[PDB]
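# kindly generate the corresponding structure for this input.
(2 chains)
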2 protein chains.
Amino acid sequence: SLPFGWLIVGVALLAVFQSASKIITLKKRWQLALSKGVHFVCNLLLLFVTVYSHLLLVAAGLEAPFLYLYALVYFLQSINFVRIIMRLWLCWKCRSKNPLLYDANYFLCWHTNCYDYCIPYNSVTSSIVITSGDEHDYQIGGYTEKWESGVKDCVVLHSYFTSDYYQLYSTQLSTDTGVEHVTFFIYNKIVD
Amino acid sequence: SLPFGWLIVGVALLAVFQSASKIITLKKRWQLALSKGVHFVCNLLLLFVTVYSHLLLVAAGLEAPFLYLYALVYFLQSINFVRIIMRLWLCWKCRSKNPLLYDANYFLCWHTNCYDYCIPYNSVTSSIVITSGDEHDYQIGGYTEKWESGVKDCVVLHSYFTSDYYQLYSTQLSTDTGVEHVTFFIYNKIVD
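Numbers count the residues shown, from 1 in each chain, chains lettered A, B, ... in the order given. See the structure here:
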């Protein structure tokens, strides 16, 4: 007494959303969110699908070779949910919406009285270069963000669990490097 | 005369692989490949699943409200395949395996007689900073790569379609910035 067309519609919709998820380019900010939105729906759909599939086996009574598989599926989904919770915790720590949009491992962040800056970053490095200027923008590795306040002497590389501290040593003006309308700030990791 | 348990096994396996795809962290190189490998399998599974589902409708004869949906699915999958082909073309242009592993929009590349360097990059910027040194490594935005040869005066930002040229202006030594065992190279985009 369980419908089948609902299962087929759900799997078709999951295919649609997952296929569209591989088409959205991650260049502009809003598209990023849209991509995540699509992903979210896809994720939900997947859950529904597999959950519904389990119910189908309940009608079939073939749980003997599938209970381990579905336990693994639910365990991995639970780990994914914990990962989303940790992502929200990192968002709260970085007090900006950037961690949800981007998939970077680490986030270079710093606070000002009027704005908070959070930029994606791949791995912990012994030094970090912040490029201002060219409508001033702060960009790291191509990831850019609008300028509203000046830089800070100390910045924090935030992660899921650990956080590192970076201190400014050298500020490079245009007259030093020769690049027009661009200023470089150099930070290095401190040890305590 | 078409099996159903094959469909349920395929959708369960797709759920397993897609759920595991959201667990692999993108920190070390090999994991990256593994992630893509999993993704690849997931993608294939998805195709199979939806393809099989279409065949099921062939048995049902309910193509009236589903032919548009499956045409959209196949169109998006074809666009995804074209995207993979363009990714392989960009890999050949960058003549290294980095573009397959990473998901960056652009790739900063340069050739030497003994090695070719290709580093992920987010967006086209008016300037680029290459950080050498700390076992010397070249790292942009946290994405690091082993050092085997010296830098080049000209580097290329490669994309799916267009390519930009970046020329070196300033090289920052340790004695200038104060950072120990780290050297910074400054490039800017040229106009022709």
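# got the residue ranges for the helices in chain A?
When secondary structure is read from DSSP state H, chain A shows helices at A:5-21, A:29-60, A:67-94, A:98-101, A:174-177.
# which neighbouring elements make contact with the fourth one?
Based on contacts counted as 3 or more CB pairs under 8 Å, 6 or more residues apart in numbering or on different chains; DSSP states H and E, the elements that helix A:98-101 packs against are helix A:29-60, helix A:67-94, strand A:116-121. Just so you know, the C-beta spots here come from the backbone N, C-alpha and C atoms, and that holds for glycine as well.
# tell me which of those sits nearest to residue B:40.
Nearest to residue B:40 among the helices and strands packed on helix A:98-101 is helix A:29-60; the distance by CB to CB comes to 17.2 Å.
# is chain B contacted by that closest one?
Yes. Shown here: helix A:29-60 in contact with chain B (CB under 8 Å from any CB of the partner chain) through A:43, A:46, A:49, A:50, A:53, A:56, A:57.
# re earlier: so of the helices and strands packed on helix A:98-101, which one's packed in deepest?
Counting by mean count of other CB atoms under 10 Å in any protein chain shown, strand A:116-121 has the highest mean neighbour count of the helices and strands packed on helix A:98-101, with a mean of 22.
# with just CA atoms, put it into PDB.
Taking C-alpha atoms only, strand A:116-121 is exported to PDB below (Å, rounded to 0.1, in the frame of the first residue of the first chain):
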ATOM      1  CA  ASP A 116      33.800  42.200   9.000                       C
ATOM      2  CA  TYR A 117      35.900  40.600   6.200                       C
ATOM      3  CA  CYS A 118      36.000  36.900   5.500                       C
ATOM      4  CA  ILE A 119      37.900  35.600   2.400                       C
ATOM      5  CA  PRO A 120      38.300  31.900   1.300                       C
ATOM      6  CA  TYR A 121      41.700  30.300   1.700                       C
END
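# can I get stretch A:71-83 in PDB, CA atoms only?
Presented in PDB, the C-alpha positions along stretch A:71-83 are these (Å, rounded to 0.1, in the frame of the first residue of the first chain):
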ATOM      1  CA  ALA A  71      22.900   2.000   7.900                       C
ATOM      2  CA  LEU A  72      26.000   3.200   6.000                       C
ATOM      3  CA  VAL A  73      23.900   5.600   4.000                       C
ATOM      4  CA  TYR A  74      22.300   7.100   7.200                       C
ATOM      5  CA  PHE A  75      25.600   7.200   9.000                       C
ATOM      6  CA  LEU A  76      27.200   9.200   6.200                       C
ATOM      7  CA  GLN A  77      24.100  11.500   6.000                       C
ATOM      8  CA  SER A  78      24.400  12.100   9.700                       C
ATOM      9  CA  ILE A  79      28.100  12.900   9.300                       C
ATOM     10  CA  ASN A  80      27.100  15.300   6.500                       C
ATOM     11  CA  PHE A  81      24.500  17.000   8.800                       C
ATOM     12  CA  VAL A  82      27.200  17.300  11.500                       C
ATOM     13  CA  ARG A  83      29.400  18.900   8.800                       C
END
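# chain center to that stretch, what's the gap?
Relative to the centre of its chain, stretch A:71-83 is centred 18 Å away, using CA atoms, centre = their mean, to the nearest Å.
# re the thing from before, so can I have CSV of the helices of chain A showing distance to residue A:132?
Listed next are the helices of chain A as CSV, based on distance: least, CB to CB, whole Å:
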stretch, distance to residue A:132
helix A:5-21, 34
helix A:29-60, 19
helix A:67-94, 20
helix A:98-101, 18
helix A:174-177, 11
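# pull the number of nearby residues for the residue of chain A found nearest chain B.
Checking chain A residue by residue against chain B with CB to the nearest CB singles out residue A:141 as nearest, at 1.7 Å. As a burial measure, the neighbour count of residue A:141 was computed by other CB atoms under 10 Å in any protein chain shown and equals 29.
# and for it, nearest residue in space, chain neighbours not counted?
The spatially closest residue to residue A:141, leaving aside those adjacent along the chain, is residue B:141, at 1.7 Å (CB to CB, 6 or more residues apart in numbering or on different chains).
# picking that back up, how near is the residue of chain A closest to chain B to residue A:102?
Residue A:141 sits 11 Å away from residue A:102 when distances are taken as CB to CB, to the nearest Å.
# any common contacting residues for these two?
Overlap of the contact sets of residue A:141 and residue A:102 (by CB atoms under 8 Å, 6 or more residues apart in numbering or on different chains) consists of residue A:120.
# looking at it, residue A:29 is touching residue A:98, isn't it?
No. With contact defined as CB atoms under 8 Å, residue A:29 does not reach residue A:98; the gap is 9.1 Å.
# tell me the contacts of the residue lying closest to residue A:15 once chain neighbours are set aside?
Nearest residue to residue A:15 in three dimensions, chain neighbours excluded: residue B:50, at 4.1 Å (CB to CB, 6+ apart). By CB under 8 Å, 6+ apart, the contact set of residue B:50 is A:11, A:12, A:15, B:70, B:73.
# that'll do, ta.
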